[PDB]
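Visitor: Structure file protein-v9.cif (mmCIF, C-alpha atoms and all ligand atoms) is given on the next line.
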```cif
data_input
loop_
_atom_site.group_PDB
_atom_site.id
_atom_site.type_symbol
_atom_site.label_atom_id
_atom_site.label_comp_id
_atom_site.auth_asym_id
_atom_site.auth_seq_id
_atom_site.Cartn_x
_atom_site.Cartn_y
_atom_site.Cartn_z
ATOM 1 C CA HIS A 4 99.305 152.638 4.322
ATOM 2 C CA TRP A 5 101.092 149.806 2.498
ATOM 3 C CA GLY A 6 104.333 148.175 3.598
ATOM 4 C CA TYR A 7 105.903 144.796 4.300
ATOM 5 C CA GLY A 8 104.401 143.919 7.717
ATOM 6 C CA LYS A 9 101.845 141.224 8.596
ATOM 7 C CA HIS A 10 99.069 143.824 8.581
ATOM 8 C CA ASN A 11 100.014 145.885 5.439
ATOM 9 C CA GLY A 12 102.297 143.542 3.416
ATOM 10 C CA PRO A 13 101.965 141.977 -0.058
ATOM 11 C CA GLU A 14 98.853 139.817 0.769
ATOM 12 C CA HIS A 15 96.941 142.998 1.641
ATOM 13 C CA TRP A 16 97.976 145.203 -1.337
ATOM 14 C CA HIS A 17 95.148 144.024 -3.667
ATOM 15 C CA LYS A 18 92.530 145.800 -1.542
ATOM 16 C CA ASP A 19 93.857 149.286 -2.451
ATOM 17 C CA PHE A 20 95.601 148.225 -5.714
ATOM 18 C CA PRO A 21 93.443 145.505 -7.393
ATOM 19 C CA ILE A 22 96.024 145.239 -10.273
ATOM 20 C CA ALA A 23 98.025 143.259 -7.664
ATOM 21 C CA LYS A 24 96.103 140.210 -9.088
ATOM 22 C CA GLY A 25 96.643 141.286 -12.756
ATOM 23 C CA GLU A 26 97.986 139.515 -15.860
ATOM 24 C CA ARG A 27 101.598 140.954 -15.898
ATOM 25 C CA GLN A 28 102.695 141.280 -12.245
ATOM 26 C CA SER A 29 106.299 141.229 -10.983
ATOM 27 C CA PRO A 30 108.517 139.734 -9.739
ATOM 28 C CA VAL A 31 108.434 136.149 -11.067
ATOM 29 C CA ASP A 32 110.439 132.967 -10.760
ATOM 30 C CA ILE A 33 112.888 132.567 -13.712
ATOM 31 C CA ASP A 34 112.739 128.856 -14.652
ATOM 32 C CA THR A 35 116.098 128.494 -16.504
ATOM 33 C CA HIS A 36 114.924 125.312 -18.348
ATOM 34 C CA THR A 37 111.765 127.078 -19.729
ATOM 35 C CA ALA A 38 113.349 130.486 -20.705
ATOM 36 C CA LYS A 39 114.138 130.444 -24.430
ATOM 37 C CA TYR A 40 117.257 131.905 -26.063
ATOM 38 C CA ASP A 41 116.048 134.624 -28.487
ATOM 39 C CA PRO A 42 118.726 135.236 -31.182
ATOM 40 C CA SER A 43 116.750 138.368 -32.323
ATOM 41 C CA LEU A 44 117.523 140.200 -29.002
ATOM 42 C CA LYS A 45 120.036 143.060 -29.724
ATOM 43 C CA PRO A 46 122.981 143.636 -27.384
ATOM 44 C CA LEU A 47 122.124 145.673 -24.280
ATOM 45 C CA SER A 48 123.609 149.207 -24.198
ATOM 46 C CA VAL A 49 124.234 150.656 -20.687
ATOM 47 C CA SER A 50 125.596 154.245 -21.134
ATOM 48 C CA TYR A 51 126.238 155.652 -17.624
ATOM 49 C CA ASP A 52 129.465 157.719 -18.231
ATOM 50 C CA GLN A 53 127.569 161.116 -17.926
ATOM 51 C CA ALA A 54 125.301 160.050 -14.992
ATOM 52 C CA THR A 55 124.553 162.911 -12.587
ATOM 53 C CA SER A 56 123.488 161.597 -9.154
ATOM 54 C CA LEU A 57 121.697 164.121 -6.880
ATOM 55 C CA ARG A 58 120.454 162.763 -3.574
ATOM 56 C CA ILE A 59 119.742 159.707 -1.464
ATOM 57 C CA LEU A 60 116.361 159.370 0.281
ATOM 58 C CA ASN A 61 114.909 156.931 2.879
ATOM 59 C CA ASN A 62 111.207 156.723 1.683
ATOM 60 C CA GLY A 63 110.012 154.351 4.478
ATOM 61 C CA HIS A 64 110.126 151.327 2.055
ATOM 62 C CA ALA A 65 113.724 151.419 0.743
ATOM 63 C CA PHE A 66 116.287 154.072 -0.091
ATOM 64 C CA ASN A 67 116.521 155.711 -3.519
ATOM 65 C CA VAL A 68 119.597 157.185 -5.183
ATOM 66 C CA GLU A 69 118.131 159.817 -7.524
ATOM 67 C CA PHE A 70 119.612 161.105 -10.812
ATOM 68 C CA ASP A 71 119.116 164.164 -13.005
ATOM 69 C CA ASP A 72 116.811 162.788 -15.821
ATOM 70 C CA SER A 73 116.203 166.245 -17.508
ATOM 71 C CA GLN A 74 118.534 165.202 -20.453
ATOM 72 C CA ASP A 75 119.919 161.944 -22.027
ATOM 73 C CA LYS A 76 122.946 161.585 -19.589
ATOM 74 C CA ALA A 77 122.616 157.997 -18.306
ATOM 75 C CA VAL A 78 120.532 155.796 -20.640
ATOM 76 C CA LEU A 79 119.634 152.185 -21.335
ATOM 77 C CA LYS A 80 119.019 151.099 -24.937
ATOM 78 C CA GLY A 81 119.131 147.906 -27.028
ATOM 79 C CA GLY A 82 118.274 144.441 -25.764
ATOM 80 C CA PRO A 83 114.492 144.065 -26.020
ATOM 81 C CA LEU A 84 113.963 147.867 -25.901
ATOM 82 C CA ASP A 85 112.831 150.278 -28.646
ATOM 83 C CA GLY A 86 114.109 153.821 -28.090
ATOM 84 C CA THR A 87 115.931 155.469 -25.203
ATOM 85 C CA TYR A 88 115.258 154.976 -21.461
ATOM 86 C CA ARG A 89 116.646 157.512 -18.995
ATOM 87 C CA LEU A 90 117.983 156.469 -15.547
ATOM 88 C CA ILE A 91 115.876 158.181 -12.810
ATOM 89 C CA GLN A 92 116.856 156.232 -9.632
ATOM 90 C CA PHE A 93 118.177 153.024 -8.232
ATOM 91 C CA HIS A 94 117.234 151.180 -5.014
ATOM 92 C CA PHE A 95 117.495 147.719 -3.437
ATOM 93 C CA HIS A 96 115.341 145.023 -1.859
ATOM 94 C CA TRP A 97 116.941 142.847 0.877
ATOM 95 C CA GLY A 98 116.347 140.356 3.592
ATOM 96 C CA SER A 99 116.732 139.890 7.327
ATOM 97 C CA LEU A 100 119.002 136.801 6.608
ATOM 98 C CA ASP A 101 121.330 136.066 3.640
ATOM 99 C CA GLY A 102 118.939 133.311 2.335
ATOM 100 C CA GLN A 103 116.185 135.759 1.285
ATOM 101 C CA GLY A 104 115.813 139.345 0.006
ATOM 102 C CA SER A 105 115.614 139.144 -3.799
ATOM 103 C CA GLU A 106 112.283 139.686 -5.613
ATOM 104 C CA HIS A 107 113.052 137.656 -8.715
ATOM 105 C CA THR A 108 114.173 134.089 -8.073
ATOM 106 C CA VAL A 109 116.126 131.742 -10.341
ATOM 107 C CA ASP A 110 114.921 128.121 -10.264
ATOM 108 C CA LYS A 111 113.302 129.173 -6.921
ATOM 109 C CA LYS A 112 116.718 130.349 -5.540
ATOM 110 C CA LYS A 113 116.442 133.575 -3.467
ATOM 111 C CA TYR A 114 119.467 135.948 -3.405
ATOM 112 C CA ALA A 115 120.427 138.095 -0.392
ATOM 113 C CA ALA A 116 119.229 141.266 -2.206
ATOM 114 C CA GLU A 117 118.268 142.746 -5.597
ATOM 115 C CA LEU A 118 119.291 146.093 -7.137
ATOM 116 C CA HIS A 119 116.789 147.868 -9.411
ATOM 117 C CA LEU A 120 118.072 150.561 -11.790
ATOM 118 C CA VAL A 121 114.895 152.310 -12.945
ATOM 119 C CA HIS A 122 114.625 153.974 -16.381
ATOM 120 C CA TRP A 123 111.751 155.640 -18.297
ATOM 121 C CA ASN A 124 110.973 155.835 -22.042
ATOM 122 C CA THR A 125 111.851 159.352 -23.277
ATOM 123 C CA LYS A 127 109.004 159.168 -25.929
ATOM 124 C CA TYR A 128 106.528 159.822 -23.029
ATOM 125 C CA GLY A 129 108.296 163.049 -21.865
ATOM 126 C CA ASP A 130 108.272 162.454 -18.087
ATOM 127 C CA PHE A 131 108.193 159.569 -15.553
ATOM 128 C CA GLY A 132 104.539 160.156 -14.488
ATOM 129 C CA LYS A 133 103.350 159.793 -18.157
ATOM 130 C CA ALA A 134 105.676 156.766 -18.787
ATOM 131 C CA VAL A 135 104.166 154.701 -15.873
ATOM 132 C CA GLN A 136 100.748 154.896 -17.667
ATOM 133 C CA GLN A 137 102.142 153.014 -20.754
ATOM 134 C CA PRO A 138 102.859 149.273 -21.285
ATOM 135 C CA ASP A 139 106.367 150.145 -22.519
ATOM 136 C CA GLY A 140 106.966 153.116 -20.186
ATOM 137 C CA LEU A 141 109.748 151.765 -17.933
ATOM 138 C CA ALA A 142 112.766 149.489 -18.185
ATOM 139 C CA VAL A 143 114.124 148.138 -14.880
ATOM 140 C CA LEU A 144 117.579 146.522 -14.851
ATOM 141 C CA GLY A 145 117.614 143.963 -12.022
ATOM 142 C CA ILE A 146 120.927 142.738 -10.534
ATOM 143 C CA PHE A 147 121.171 140.008 -7.879
ATOM 144 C CA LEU A 148 123.383 140.441 -4.789
ATOM 145 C CA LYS A 149 125.121 137.460 -3.067
ATOM 146 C CA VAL A 150 127.244 137.764 0.088
ATOM 147 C CA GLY A 151 130.983 137.239 -0.437
ATOM 148 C CA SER A 152 133.707 139.781 -1.223
ATOM 149 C CA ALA A 153 132.920 143.487 -0.852
ATOM 150 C CA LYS A 154 131.702 145.496 -3.863
ATOM 151 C CA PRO A 155 133.967 148.558 -3.890
ATOM 152 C CA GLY A 156 131.475 150.607 -5.943
ATOM 153 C CA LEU A 157 128.779 150.028 -3.294
ATOM 154 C CA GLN A 158 130.821 151.361 -0.351
ATOM 155 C CA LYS A 159 129.972 155.130 -0.889
ATOM 156 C CA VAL A 160 126.276 154.105 -0.605
ATOM 157 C CA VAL A 161 126.890 152.016 2.568
ATOM 158 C CA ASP A 162 128.815 154.904 4.206
ATOM 159 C CA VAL A 163 125.967 157.469 3.894
ATOM 160 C CA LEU A 164 123.193 155.158 5.286
ATOM 161 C CA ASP A 165 123.835 156.354 8.938
ATOM 162 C CA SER A 166 122.736 159.881 7.728
ATOM 163 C CA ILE A 167 119.353 158.621 6.347
ATOM 164 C CA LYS A 168 118.392 156.098 9.051
ATOM 165 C CA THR A 169 114.676 156.980 9.224
ATOM 166 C CA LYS A 170 111.734 157.616 6.854
ATOM 167 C CA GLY A 171 111.869 161.075 5.248
ATOM 168 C CA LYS A 172 115.608 161.723 5.721
ATOM 169 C CA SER A 173 117.714 162.617 2.692
ATOM 170 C CA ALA A 174 121.365 163.534 2.009
ATOM 171 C CA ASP A 175 123.373 165.053 -0.825
ATOM 172 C CA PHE A 176 124.688 162.178 -3.060
ATOM 173 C CA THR A 177 126.478 163.866 -5.919
ATOM 174 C CA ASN A 178 129.239 162.371 -8.162
ATOM 175 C CA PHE A 179 128.231 158.729 -7.629
ATOM 176 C CA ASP A 180 129.045 156.434 -10.624
ATOM 177 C CA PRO A 181 126.492 153.615 -11.001
ATOM 178 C CA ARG A 182 128.859 151.680 -13.361
ATOM 179 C CA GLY A 183 130.536 150.384 -10.174
ATOM 180 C CA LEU A 184 127.406 148.376 -9.328
ATOM 181 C CA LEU A 185 127.372 146.215 -12.527
ATOM 182 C CA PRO A 186 128.723 142.645 -12.887
ATOM 183 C CA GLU A 187 131.147 141.747 -15.716
ATOM 184 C CA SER A 188 128.570 140.098 -18.014
ATOM 185 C CA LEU A 189 125.396 141.781 -19.386
ATOM 186 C CA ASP A 190 123.756 138.351 -20.219
ATOM 187 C CA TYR A 191 120.099 138.727 -19.175
ATOM 188 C CA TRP A 192 116.550 137.393 -19.059
ATOM 189 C CA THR A 193 113.656 139.676 -20.095
ATOM 190 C CA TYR A 194 109.851 139.653 -19.731
ATOM 191 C CA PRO A 195 106.962 142.106 -19.527
ATOM 192 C CA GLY A 196 105.853 142.962 -15.978
ATOM 193 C CA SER A 197 105.080 145.573 -13.366
ATOM 194 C CA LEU A 198 106.275 147.735 -10.531
ATOM 195 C CA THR A 199 106.921 145.396 -7.595
ATOM 196 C CA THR A 200 105.477 147.954 -5.079
ATOM 197 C CA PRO A 201 102.187 149.796 -5.098
ATOM 198 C CA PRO A 202 100.853 151.166 -7.359
ATOM 199 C CA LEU A 203 101.955 147.881 -9.132
ATOM 200 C CA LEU A 204 101.421 149.422 -12.586
ATOM 201 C CA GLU A 205 101.955 147.082 -15.542
ATOM 202 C CA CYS A 206 104.424 149.392 -17.302
ATOM 203 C CA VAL A 207 107.835 147.616 -17.019
ATOM 204 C CA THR A 208 110.107 145.745 -19.415
ATOM 205 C CA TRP A 209 112.180 143.720 -16.934
ATOM 206 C CA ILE A 210 115.816 143.000 -17.782
ATOM 207 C CA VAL A 211 117.345 140.721 -15.097
ATOM 208 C CA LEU A 212 121.112 140.067 -15.303
ATOM 209 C CA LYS A 213 122.237 136.414 -14.959
ATOM 210 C CA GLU A 214 125.530 137.285 -13.166
ATOM 211 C CA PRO A 215 125.108 138.376 -9.542
ATOM 212 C CA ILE A 216 127.381 140.931 -7.861
ATOM 213 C CA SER A 217 129.125 140.035 -4.575
ATOM 214 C CA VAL A 218 128.783 142.292 -1.544
ATOM 215 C CA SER A 219 130.299 141.758 1.920
ATOM 216 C CA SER A 220 128.510 140.667 5.113
ATOM 217 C CA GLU A 221 129.450 144.151 6.529
ATOM 218 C CA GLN A 222 127.869 145.927 3.537
ATOM 219 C CA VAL A 223 124.482 144.071 3.792
ATOM 220 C CA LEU A 224 124.531 144.402 7.621
ATOM 221 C CA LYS A 225 124.525 148.196 7.118
ATOM 222 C CA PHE A 226 121.402 147.925 4.861
ATOM 223 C CA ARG A 227 119.699 146.038 7.736
ATOM 224 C CA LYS A 228 120.358 148.924 10.271
ATOM 225 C CA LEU A 229 118.026 151.263 8.314
ATOM 226 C CA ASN A 230 114.546 151.943 9.727
ATOM 227 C CA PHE A 231 111.075 151.844 8.116
ATOM 228 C CA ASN A 232 109.797 154.290 10.833
ATOM 229 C CA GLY A 233 110.248 158.050 11.084
ATOM 230 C CA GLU A 234 112.454 159.818 13.695
ATOM 231 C CA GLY A 235 110.803 159.720 17.133
ATOM 232 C CA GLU A 236 108.693 156.609 16.223
ATOM 233 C CA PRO A 237 109.389 153.080 17.610
ATOM 234 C CA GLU A 238 112.256 151.404 15.762
ATOM 235 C CA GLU A 239 111.283 148.854 13.068
ATOM 236 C CA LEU A 240 114.265 147.598 11.109
ATOM 237 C CA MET A 241 114.086 148.034 7.303
ATOM 238 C CA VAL A 242 114.477 144.359 6.365
ATOM 239 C CA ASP A 243 112.466 141.967 4.152
ATOM 240 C CA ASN A 244 111.242 144.785 1.838
ATOM 241 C CA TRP A 245 110.663 142.321 -1.055
ATOM 242 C CA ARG A 246 107.523 141.069 -2.804
ATOM 243 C CA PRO A 247 107.465 137.309 -3.502
ATOM 244 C CA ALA A 248 107.155 135.744 -6.961
ATOM 245 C CA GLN A 249 103.817 136.262 -8.763
ATOM 246 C CA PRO A 250 102.062 134.004 -11.294
ATOM 247 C CA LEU A 251 103.702 134.037 -14.725
ATOM 248 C CA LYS A 252 100.320 133.688 -16.536
ATOM 249 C CA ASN A 253 100.496 134.110 -20.351
ATOM 250 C CA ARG A 254 104.172 135.294 -20.408
ATOM 251 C CA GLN A 255 107.450 134.051 -21.954
ATOM 252 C CA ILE A 256 110.829 134.789 -20.351
ATOM 253 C CA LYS A 257 113.483 135.215 -23.042
ATOM 254 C CA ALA A 258 117.247 134.686 -22.541
ATOM 255 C CA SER A 259 119.901 136.814 -24.322
ATOM 256 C CA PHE A 260 122.371 133.908 -24.100
ATOM 257 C CA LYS A 261 122.740 130.244 -25.168
HETATM 258 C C1 LIG B 301 115.109 162.813 -10.725
HETATM 259 O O1 LIG B 301 113.776 163.067 -10.292
HETATM 260 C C2 LIG B 301 113.119 162.111 -9.538
HETATM 261 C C3 LIG B 301 113.643 160.865 -9.148
HETATM 262 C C4 LIG B 301 112.888 160.014 -8.329
HETATM 263 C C5 LIG B 301 111.617 160.388 -7.903
HETATM 264 N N1 LIG B 301 110.827 159.527 -7.066
HETATM 265 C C6 LIG B 301 110.956 159.519 -5.707
HETATM 266 O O2 LIG B 301 110.225 158.845 -4.994
HETATM 267 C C7 LIG B 301 112.046 160.401 -5.134
HETATM 268 CL CL1 LIG B 301 113.406 159.398 -4.734
HETATM 269 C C8 LIG B 301 109.667 158.758 -7.547
HETATM 270 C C9 LIG B 301 110.069 157.305 -7.869
HETATM 271 O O3 LIG B 301 111.232 157.024 -8.160
HETATM 272 N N2 LIG B 301 109.094 156.389 -7.724
HETATM 273 C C10 LIG B 301 109.333 154.965 -7.926
HETATM 274 C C11 LIG B 301 108.116 154.140 -8.409
HETATM 275 C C12 LIG B 301 108.608 152.713 -8.604
HETATM 276 C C13 LIG B 301 108.180 151.680 -7.770
HETATM 277 C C14 LIG B 301 108.768 150.419 -7.828
HETATM 278 C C15 LIG B 301 109.799 150.183 -8.730
HETATM 279 S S1 LIG B 301 110.487 148.563 -8.917
HETATM 280 N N3 LIG B 301 110.631 147.946 -7.456
HETATM 281 O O4 LIG B 301 111.787 148.772 -9.575
HETATM 282 O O5 LIG B 301 109.490 147.786 -9.608
HETATM 283 C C16 LIG B 301 110.230 151.206 -9.565
HETATM 284 C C17 LIG B 301 109.632 152.448 -9.494
HETATM 285 C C18 LIG B 301 108.926 159.474 -8.643
HETATM 286 C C19 LIG B 301 109.347 159.722 -9.953
HETATM 287 C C20 LIG B 301 108.465 160.683 -10.637
HETATM 288 C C21 LIG B 301 107.447 161.099 -9.845
HETATM 289 S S2 LIG B 301 107.495 160.372 -8.258
HETATM 290 C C22 LIG B 301 111.095 161.616 -8.284
HETATM 291 C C23 LIG B 301 111.837 162.457 -9.093
HETATM 292 CL CL2 LIG B 301 111.126 163.952 -9.601
HETATM 293 ZN ZN ZN B 302 112.483 147.632 -6.812
#
```
Is it possible to express this structure as structure tokens?
Guide:
Amino acid sequence: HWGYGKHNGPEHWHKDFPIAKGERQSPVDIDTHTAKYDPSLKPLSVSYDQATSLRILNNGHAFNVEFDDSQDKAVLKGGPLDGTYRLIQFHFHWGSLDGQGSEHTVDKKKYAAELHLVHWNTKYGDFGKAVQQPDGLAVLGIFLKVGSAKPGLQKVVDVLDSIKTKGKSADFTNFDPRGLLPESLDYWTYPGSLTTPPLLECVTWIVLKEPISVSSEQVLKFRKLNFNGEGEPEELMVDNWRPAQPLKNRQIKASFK
């Protein structure tokens, strides 16, 4: 099955998922001198005060922090979006070394990691229906650079020992995702895809300009996770990122001058 190795990594995915070579694939390079300020973009609304986290799961690719999405409790609205998008999960992509790990790049710069807060359009009723629509998902992407610790990340770091291997989960209640955001909500936006199989072209991407800082100790703990199951040979969960895909007939819009 698919992964990030030499034998099952991003250059192989097109054989099982031919949309890998499609017209609106993600991630992409954000060329800051080509992206155009769009004064018609509305302010982004991130409403996470009633977020109900549930669980954290090692899925063999990354780890997901899952939320209750049965009501409008943590939602993303405004910006380029029409309607209301419910938070279902967040996860990260990261590298083996601090000079790689992000999926999006900025003027070809790679960040140490990238956080994806995944939301689905409530007009489609559930997540499985939303991924079949061109406007089904909105993913908020936040870059991570290594520097000072991110206090709001530490509860995540401290449970990773308990979900080391594929298929392990742990209770993860009362986690506040607001602690993962930078100060500014300035962003770039473009139409794209899931960055993993099944690579469906269902995402409005919203990528924040301001990175968050995390500590060397925090990212080191990400890199101690395993892709393998318990009782299988250890393979460190590192370099779980897809590289930049062709932009094709797409415009990246900036929310800021
Ligand atoms: C609250 O209820 C839940 C929350 C999550 C789940 N899911 C899980 O896999 C369990 Cl963690 C999945 C899930 O989160 N799949 C992710 C597919 C995806 C790939 C890539 C990207 S990227 N890199 O941002 O482009 C985003 C999204 C699913 C959601 C619905 C059915 S299966 C399940 C429940 Cl019912
Ligand atoms: Zn992702």
Visitor: Select, from A:34, A:71, A:117, A:41, the residue with the minimum atom-to-atom distance to ligand ZN 302 (chain B), counting all atoms listed in the file.
Guide: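 Using all atoms listed in the file, ligand ZN 302 (chain B) sits closest to A:117.
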Visitor: For this structure, which residues satisfy the selection - the PyMOL selection byres (((chain A and resi 161) around 10) and not hetatm) - when it is evaluated on the file as given? I want them as a PyMOL selection string.
Guide: chain A and resi 156-160+162-165+221-226
Visitor: Mind telling me what the PyMOL selection byres (((not hetatm)) within 8 of (chain B and resi 301)) catches here, as a count of residues only?
Guide: 36
Visitor: Can you tell me, as a ChimeraX atom specification, what residues are no more than 6 Å from range 210-217 of chain A when counting all atoms listed in the file, ignoring any on the same chain fewer than 4 positions away?
Guide: /A:144-152,186,190-193
Visitor: For a quick check of understanding, using all atoms listed in the file, which of A:83, A:21, A:237, A:181 has the smallest distance to residue 194 in chain A?
Guide: A:83
Visitor: Work out how far CA of residue 52 in chain A is from CA of residue 258 in chain A, in Å to one decimal.
Guide: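 Spanning CA of residue 258 in chain A to CA of residue 52 in chain A is a straight-line distance of 26.4 Å.
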Visitor: Using all atoms listed in the file, which protein or nucleic acid residues come within 12 Å of residue 134 in chain A? Drop anything in the same chain fewer than 6 positions from it, and give the result as a ChimeraX atom specification.
Guide: /A:88-89,91,121-125,127-128,140-142,204-208
Visitor: Smallest atom-to-atom distance to residue 106 in chain A: which of A:30, A:233, A:25, A:6, using only C-alpha atoms?
Guide: A:30
Visitor: Residue 27 in chain A: which residues within 8 Å, counting all atoms listed in the file, same-chain residues fewer than 6 positions away excluded, as a PyMOL selection string?
Guide: chain A and resi 195-197+205+251-252+254
Visitor: Export, as a tab-separated table (two decimals), in the frame of the given file, the selected residues with C-alpha atoms.
Guide:
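Just written: part.tsv:
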```tsv
chain	number	residue	atom	x	y	z
A	195	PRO	CA	106.96	142.11	-19.53
A	196	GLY	CA	105.85	142.96	-15.98
A	197	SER	CA	105.08	145.57	-13.37
A	205	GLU	CA	101.96	147.08	-15.54
A	251	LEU	CA	103.70	134.04	-14.72
A	252	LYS	CA	100.32	133.69	-16.54
A	254	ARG	CA	104.17	135.29	-20.41
```
Visitor: Using all atoms listed in the file, find the one residue out of A:169, A:105, A:219, A:230 that sits nearest to ligand ZN 302 (chain B).
Guide: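 Smallest separation from ligand ZN 302 (chain B) among the options: A:105.
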Visitor: At what distance in Å, to one decimal, does CA of residue 188 in chain A lie from CA of residue 39 in chain A?
Guide: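 Computing the Euclidean distance for CA of residue 39 in chain A and CA of residue 188 in chain A yields 18.5 Å.
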Visitor: Identify which of the residues A:135, A:118, A:242, A:38 lies closest to ligand ZN 302 (chain B), counting all atoms listed in the file when measuring atom-to-atom distances.
Guide: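 Closest to ligand ZN 302 (chain B) of all the choices is A:118.
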Visitor: Interatomic distance between CA of residue 31 in chain A and CA of residue 249 in chain A?
Guide: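 The value is 5.2 Å.
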